[PDB]
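Colleague: Here's a structure for you.
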Amino acid sequence: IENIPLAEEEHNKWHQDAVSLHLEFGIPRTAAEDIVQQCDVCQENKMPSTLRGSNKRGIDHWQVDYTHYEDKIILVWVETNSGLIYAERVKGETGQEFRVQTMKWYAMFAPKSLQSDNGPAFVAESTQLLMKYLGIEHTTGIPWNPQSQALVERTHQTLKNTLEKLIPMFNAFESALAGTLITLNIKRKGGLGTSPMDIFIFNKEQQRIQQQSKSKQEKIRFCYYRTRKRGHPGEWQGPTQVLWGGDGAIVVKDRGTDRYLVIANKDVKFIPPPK
Amino acid sequence: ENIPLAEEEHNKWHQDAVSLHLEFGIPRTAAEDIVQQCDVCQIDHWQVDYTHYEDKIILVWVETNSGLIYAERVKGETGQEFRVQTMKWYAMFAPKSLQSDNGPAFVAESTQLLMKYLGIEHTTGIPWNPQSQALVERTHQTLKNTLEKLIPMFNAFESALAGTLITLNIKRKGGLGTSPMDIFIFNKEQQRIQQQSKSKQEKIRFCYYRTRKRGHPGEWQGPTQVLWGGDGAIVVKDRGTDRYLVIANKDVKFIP
Amino acid sequence: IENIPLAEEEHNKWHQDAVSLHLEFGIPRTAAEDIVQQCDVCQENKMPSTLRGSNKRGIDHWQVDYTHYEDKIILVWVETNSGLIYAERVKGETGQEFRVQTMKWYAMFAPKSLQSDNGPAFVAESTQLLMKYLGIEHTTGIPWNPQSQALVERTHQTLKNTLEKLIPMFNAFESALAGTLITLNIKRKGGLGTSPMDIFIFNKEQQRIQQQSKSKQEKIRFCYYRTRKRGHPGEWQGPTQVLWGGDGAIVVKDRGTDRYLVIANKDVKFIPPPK
DNA sequence: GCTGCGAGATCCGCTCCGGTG
DNA sequence: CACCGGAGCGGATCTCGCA
DNA sequence: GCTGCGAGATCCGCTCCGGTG
DNA sequence: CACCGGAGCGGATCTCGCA
């Protein structure tokens, strides 16, 4: 532990990873990793390997991107939760044409939110106003990050493959595109052999708001909750409603965190209802 | 299965297939079959018409029962454009039957060949059903009135048509607040469930059936055709009573 | 099973994967996969996802590639088994200069075989004769496949990083390159904290041929062997020497396969030695 | 008759030690 | 005295980008 | 105040059925 | 009668390349 200054000097001179230094001078690897963190050259030359994710979100939250196939502009519209897709060819990527396509889209379906990249048509102020005009949240992804729209990119690849497989069988490129839409919307099935269109229909049936509104008549009970650390709980903090009661646990909301949280039934006491 | 009970109730009261499946939760196709077989009373059915408005030709697609409608501007009335429109329409929906008049585009040989390729029933001739015809004229009048209503506000003619489609499919409501889109979605969901549960499994198969009296099995009767084979039970008709009964698969001899 | 012709017709028309067809028409998925195999469009558009490998080989089997750093030509020499490396800068990639570098290399170490890409210096007939002149096997990798020399590519990346980290501390670029060689040959240690140079030295000590030659005096025994299929063995095929005897199994060579093979001691009968 | 791999960074599984009821 | 993280040790696992 | 995923192809783990000692 | 692949079923796992 007394050789730590010499280890730091060697790190400054040569800049090897902490594992070798730990195995050599017998210093805990936490100290060596902190040395690497507090150094300069290794800090400047280390790489940020992170996993991140994708915005699957919920029902009716879609994103889109353009298609460059055979020097023809095509719009492909992709669902995230169920997996449905839809596409149509357009002469250009102009704002007015994009607005017309979006209006037809919103006539056909009932979306809620839309994601997109920094494309001029997507970013256009009139398009943003129209999206606001129909009460739909429009968020722009960070520029030069196709992984945000990786879903539409994957669907793009699959649709191009299906066009390659299906184009010579029909007279019209639009007809072939419709056939590929059928292939990837009704025929493309996996797992339980259920179409993305069927998933979307079932999602709409569940999302029907009449049942959700009328479920309010169910009995509501109150309770306290506490947090467990090393098996040692805290105080019974705050009265909150029993959102649902399960076997061995319930569902509660913490106003401090403003998010949903689960507590085992052992740390829960039931409040009797009015009588 | 409550389907044979529904069919007995139909043999008693002779109500329409609509109220039948609404109030007994039975297949729409089964209700149509029962209406067809019931001589007292004797899905995805569409009608297509052409109409001009500022000298523009537009396809009109109206479903005969739920009331959902669809429209799209077209350059001309000729067969190739009709084929493209019907290809897009079949891409967007999953129809089962179509009713139309004797228009050249409808009666074109290649159009009917592509109908057969898609495997859907096509019927041409003079429309004789007031139930569908009057709905067609009502849809036409309402659509033209709403488009005259909404055109000045919108920049694009196609945008105005899309807005009128929104008004006539989502905003407009009837009964307990059910849109044509809502009723179409409900019927489509139930129809697809019953199709995947009953249709593709087996067809036109005969069998032997027996009736249990206080648990005692009866003599094998028939033979009769298996019309609706479900989970652990089938629907067959007793010839004497002209009624359908629930017979468990353990009491059925499958005739090859 | 009678719907197979219709399934084949649908495959010819639309060309979806076998899983969906199997889940739809209730046909065994082997038949559908064979249909896809015997079709044409899916055969033409399927992708060959294979894993392959790398030629780690044994001791003293190396490969090399050139370095394009700061518009300066550098030769980097990489070991595969132990992990040692060595490098030196050269003005150009000419055949004579490469021959001089190889001769210095063979003076410094005692290699056995060398791998390389389609580089003109590596492919030169005089270089091949010189490699033959020193009794070293030279094989050329398939062109335009850097994954064959992925080892030297990885070492290239690491050495460039270490140059970036170490260049300003020395006057001469050659001195910095030597320092990076020290870093990656003596300091870069993992696992048991043992240097690649130490691994190479121990490999040479083990590969010393005197012990291998003098091990022949060990007793040699003969035996038969058989192959097990479903628990049913065959005939006792061929007399072969007991190369080594272990606990529950031995080592034998099959002249039919001309490779080494292991048989459990249960299927082995010991031949008594001469007495 | 031939051939993708490894530095680097957090997280976690874990085991003696700890607080902890 | 049982129990769970705490810390240390060791291993498991992710993208990336070199040619 | 934000965000890589999924068609496609072999191999394998496995469970009733089989040969098999 | 125990035992191991055989075949079928289902799941586990690999690179790649789309923008």
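Ordering of the structure tokens sets the chain letters (A, B, ...), residue numbers begin anew at 1 in every chain, and ligands are numbered from 1 in the order given.
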Contacts between chain A and chain G, please, where a residue of chain G counts if it comes within 9 Å (with only C-alpha atoms (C1' of nucleotides)); show its shortest atom pair and distance in Å to one decimal, rows by chain and ascending number, as JSON lines.
Modeller:
```
{"residue": "G:17", "atom": "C1'", "partner": "A:157", "partner_atom": "CA", "distance": 8.8}
{"residue": "G:18", "atom": "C1'", "partner": "A:157", "partner_atom": "CA", "distance": 5.4}
{"residue": "G:19", "atom": "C1'", "partner": "A:153", "partner_atom": "CA", "distance": 6.0}
```
Colleague: Using only C-alpha atoms, find each residue in chain A having at least one atom no more than 7 Å away from chain B; report its shortest atom-to-atom pair and that distance in Å (one decimal), rows by chain then rising number, as a tab-separated table.
Modeller:
```
residue	atom	partner	partner_atom	distance
A:100	CA	B:159	CA	6.1
A:103	CA	B:159	CA	6.4
A:104	CA	B:162	CA	5.7
A:107	CA	B:166	CA	5.3
A:175	CA	B:84	CA	6.4
A:178	CA	B:91	CA	6.0
A:181	CA	B:91	CA	6.9
A:182	CA	B:91	CA	5.6
A:201	CA	B:189	CA	6.8
```
Colleague: Just write the chosen residues, N, CA, C and O atoms, as a PDB file, in the first residue's frame.
Modeller:
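What landed in out02.pdb:
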```
ATOM      1  N   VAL A 100     -49.825  15.611 -46.826  1.00  0.00           N
ATOM      2  CA  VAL A 100     -50.941  14.882 -47.424  1.00  0.00           C
ATOM      3  C   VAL A 100     -50.885  13.407 -47.037  1.00  0.00           C
ATOM      4  O   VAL A 100     -51.906  12.797 -46.685  1.00  0.00           O
ATOM      5  N   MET A 103     -51.950  13.014 -43.462  1.00  0.00           N
ATOM      6  CA  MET A 103     -53.389  13.176 -43.295  1.00  0.00           C
ATOM      7  C   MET A 103     -54.132  11.919 -43.730  1.00  0.00           C
ATOM      8  O   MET A 103     -55.069  11.475 -43.055  1.00  0.00           O
ATOM      9  N   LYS A 104     -53.714  11.313 -44.846  1.00  0.00           N
ATOM     10  CA  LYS A 104     -54.298  10.029 -45.238  1.00  0.00           C
ATOM     11  C   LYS A 104     -54.039   8.963 -44.179  1.00  0.00           C
ATOM     12  O   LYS A 104     -54.919   8.149 -43.872  1.00  0.00           O
ATOM     13  N   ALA A 107     -56.306   9.494 -41.315  1.00  0.00           N
ATOM     14  CA  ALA A 107     -57.644   9.057 -41.690  1.00  0.00           C
ATOM     15  C   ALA A 107     -57.771   7.545 -41.585  1.00  0.00           C
ATOM     16  O   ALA A 107     -58.804   7.029 -41.143  1.00  0.00           O
ATOM     17  N   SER A 175     -48.371  -2.009 -57.158  1.00  0.00           N
ATOM     18  CA  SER A 175     -49.017  -3.279 -56.847  1.00  0.00           C
ATOM     19  C   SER A 175     -48.057  -4.220 -56.135  1.00  0.00           C
ATOM     20  O   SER A 175     -48.441  -4.913 -55.186  1.00  0.00           O
ATOM     21  N   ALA A 178     -47.776  -3.099 -52.592  1.00  0.00           N
ATOM     22  CA  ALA A 178     -48.940  -3.548 -51.834  1.00  0.00           C
ATOM     23  C   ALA A 178     -48.837  -5.030 -51.494  1.00  0.00           C
ATOM     24  O   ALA A 178     -49.190  -5.450 -50.384  1.00  0.00           O
ATOM     25  N   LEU A 181     -46.544  -5.359 -48.665  1.00  0.00           N
ATOM     26  CA  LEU A 181     -47.253  -4.969 -47.450  1.00  0.00           C
ATOM     27  C   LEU A 181     -48.112  -6.112 -46.932  1.00  0.00           C
ATOM     28  O   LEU A 181     -48.155  -6.369 -45.724  1.00  0.00           O
ATOM     29  N   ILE A 182     -48.799  -6.815 -47.834  1.00  0.00           N
ATOM     30  CA  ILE A 182     -49.578  -7.981 -47.421  1.00  0.00           C
ATOM     31  C   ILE A 182     -48.663  -9.044 -46.828  1.00  0.00           C
ATOM     32  O   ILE A 182     -48.965  -9.635 -45.784  1.00  0.00           O
ATOM     33  N   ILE A 201     -55.212  -5.065 -33.948  1.00  0.00           N
ATOM     34  CA  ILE A 201     -56.655  -5.064 -33.709  1.00  0.00           C
ATOM     35  C   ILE A 201     -56.959  -5.386 -32.250  1.00  0.00           C
ATOM     36  O   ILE A 201     -57.797  -4.732 -31.613  1.00  0.00           O
TER      37      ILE A 201
END
```
Colleague: Return as number ranges by chain the full set of residues in region 30-192 of chain A whose backbone-based DSSP assignment is strand (DSSP E or B).
Modeller: A: 61-69, 72-78, 85-89, 113-116, 137-140, 190
Colleague: Determine, using only C-alpha atoms (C1' of nucleotides), which residues of chain A have any atom at most 10 Å from an atom of chain D, and tabulate each with its shortest atom pair and distance in Å to one decimal place, rows ordered by chain and then rising number, as CSV.
Modeller:
```
residue,atom,partner,partner_atom,distance
A:17,CA,D:8,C1',8.7
A:46,CA,D:8,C1',7.2
A:47,CA,D:8,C1',6.9
A:48,CA,D:9,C1',7.5
A:49,CA,D:9,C1',6.8
A:50,CA,D:9,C1',8.7
A:229,CA,D:20,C1',10.0
A:230,CA,D:20,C1',7.5
A:231,CA,D:20,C1',7.4
A:232,CA,D:20,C1',6.8
A:233,CA,D:21,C1',9.6
```
Colleague: Near residue 17 (chain B), counting only C-alpha atoms (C1' of nucleotides), which residues have an atom at most 8 Å away, once you skip same-chain residues fewer than 2 positions from it, shown as a list in words?
Modeller: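 Once the nearby chain positions are removed, what remains is residues 15, 19, 20, 21, 28, 31, 32, 34 and 35 of chain B.
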Colleague: Atoms to include: N, CA and C atoms. Write the selected residues as a short mmCIF file (atom, residue, chain, number, x, y, z; two decimals), in the first residue's frame.
Modeller:
```cif
data_model
loop_
_atom_site.label_atom_id
_atom_site.label_comp_id
_atom_site.auth_asym_id
_atom_site.auth_seq_id
_atom_site.Cartn_x
_atom_site.Cartn_y
_atom_site.Cartn_z
N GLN B 15 -85.24 -14.14 -35.33
CA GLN B 15 -84.60 -12.84 -35.27
C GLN B 15 -83.47 -12.80 -36.30
N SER B 19 -78.82 -9.19 -34.44
CA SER B 19 -79.19 -9.31 -33.04
C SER B 19 -78.82 -10.68 -32.49
N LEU B 20 -78.86 -11.71 -33.35
CA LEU B 20 -78.50 -13.05 -32.89
C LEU B 20 -77.08 -13.08 -32.34
N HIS B 21 -76.10 -12.62 -33.12
CA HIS B 21 -74.72 -12.74 -32.63
C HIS B 21 -74.42 -11.65 -31.61
N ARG B 28 -70.54 -14.73 -36.68
CA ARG B 28 -71.29 -14.05 -37.72
C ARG B 28 -71.54 -14.97 -38.91
N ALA B 31 -74.23 -17.37 -37.90
CA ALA B 31 -75.53 -16.70 -37.93
C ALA B 31 -76.02 -16.53 -39.36
N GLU B 32 -75.12 -16.19 -40.29
CA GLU B 32 -75.50 -16.11 -41.70
C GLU B 32 -75.97 -17.46 -42.22
N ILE B 34 -77.31 -19.86 -40.47
CA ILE B 34 -78.60 -20.18 -39.87
C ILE B 34 -79.71 -19.37 -40.53
N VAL B 35 -79.43 -18.11 -40.86
CA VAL B 35 -80.41 -17.31 -41.60
C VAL B 35 -80.69 -17.94 -42.96
#
```
Colleague: Could you pull the residues within 12 Å of residue 183 (chain B), counting only C-alpha atoms (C1' of nucleotides), minus those fewer than 6 positions along the same chain, as a list in words?
Modeller: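 Contacts, in chain order: residues 205 and 208 of chain A; 18, 22, 63, 65, 66, 67, 68, 169, 170, 173, 174, 175, 176, 177, 189, 190 and 191 of chain B.
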Colleague: Need to verify the contact set: residue 203 (chain C), 10 Å, only C-alpha atoms (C1' of nucleotides), exclusion of same-chain residues closer than 3 positions in sequence. Can you return it as a list in words?
Modeller: residues 59, 60, 81, 82, 197, 198, 199, 200, 206, 207 and 208 of chain C
Colleague: Save out the residues we just selected, N, CA and C atoms, as a JSON list (two decimals), in the first residue's frame.
Modeller:
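The result, stored in out.json:
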```
[["chain", "number", "residue", "atom", "x", "y", "z"],
["C", 59, "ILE", "N", 2.93, -23.64, -31.88],
["C", 59, "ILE", "CA", 4.07, -22.78, -31.58],
["C", 59, "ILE", "C", 4.80, -22.43, -32.87],
["C", 60, "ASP", "N", 5.28, -21.19, -32.94],
["C", 60, "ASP", "CA", 6.12, -20.70, -34.02],
["C", 60, "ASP", "C", 5.40, -20.69, -35.37],
["C", 81, "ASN", "N", 0.05, -18.26, -30.72],
["C", 81, "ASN", "CA", -0.14, -19.12, -29.56],
["C", 81, "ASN", "C", 0.17, -18.39, -28.26],
["C", 82, "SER", "N", 1.42, -17.94, -28.10],
["C", 82, "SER", "CA", 1.81, -17.25, -26.87],
["C", 82, "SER", "C", 1.24, -15.84, -26.81],
["C", 197, "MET", "N", 6.15, -12.84, -23.47],
["C", 197, "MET", "CA", 7.54, -13.26, -23.61],
["C", 197, "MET", "C", 7.83, -14.48, -22.74],
["C", 198, "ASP", "N", 7.30, -14.48, -21.51],
["C", 198, "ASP", "CA", 7.47, -15.64, -20.65],
["C", 198, "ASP", "C", 6.78, -16.87, -21.23],
["C", 199, "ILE", "N", 5.59, -16.68, -21.80],
["C", 199, "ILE", "CA", 4.90, -17.80, -22.44],
["C", 199, "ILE", "C", 5.74, -18.35, -23.59],
["C", 200, "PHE", "N", 6.32, -17.47, -24.40],
["C", 200, "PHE", "CA", 7.14, -17.91, -25.52],
["C", 200, "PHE", "C", 8.38, -18.66, -25.04],
["C", 206, "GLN", "N", 9.71, -26.21, -23.46],
["C", 206, "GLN", "CA", 8.97, -27.46, -23.66],
["C", 206, "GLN", "C", 9.25, -28.07, -25.02],
["C", 207, "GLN", "N", 9.36, -27.25, -26.07],
["C", 207, "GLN", "CA", 9.57, -27.73, -27.42],
["C", 207, "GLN", "C", 10.97, -28.26, -27.65],
["C", 208, "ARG", "N", 11.91, -27.99, -26.74],
["C", 208, "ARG", "CA", 13.22, -28.62, -26.78],
["C", 208, "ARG", "C", 13.09, -30.11, -27.09]]
```
Colleague: Sorted by chain and rising residue number, list the residues of chain A at most 6 Å from chain C (counting only C-alpha atoms), each with its closest atom pair and distance in Å to one decimal, as CSV.
Modeller:
```
residue,atom,partner,partner_atom,distance
A:20,CA,C:189,CA,5.6
A:23,CA,C:193,CA,5.9
A:189,CA,C:20,CA,5.6
A:193,CA,C:23,CA,6.0
```
Colleague: Write out as JSON, numbers by chain all residues of region 135-267 of chain C that DSSP puts in helix (DSSP H, G or I) for this structure's backbone.
Modeller: {"C": [146, 147, 148, 149, 150, 151, 152, 153, 154, 155, 156, 157, 158, 159, 160, 161, 162, 163, 164, 165, 166, 167, 168, 169, 173, 174, 175, 176, 177, 178, 179, 180, 181, 182, 183, 184, 185, 186, 187, 196, 197, 198, 199, 200, 201, 202, 203, 204, 205, 206, 207, 209, 210, 211, 212, 213, 214, 215, 216, 217, 265, 266, 267]}
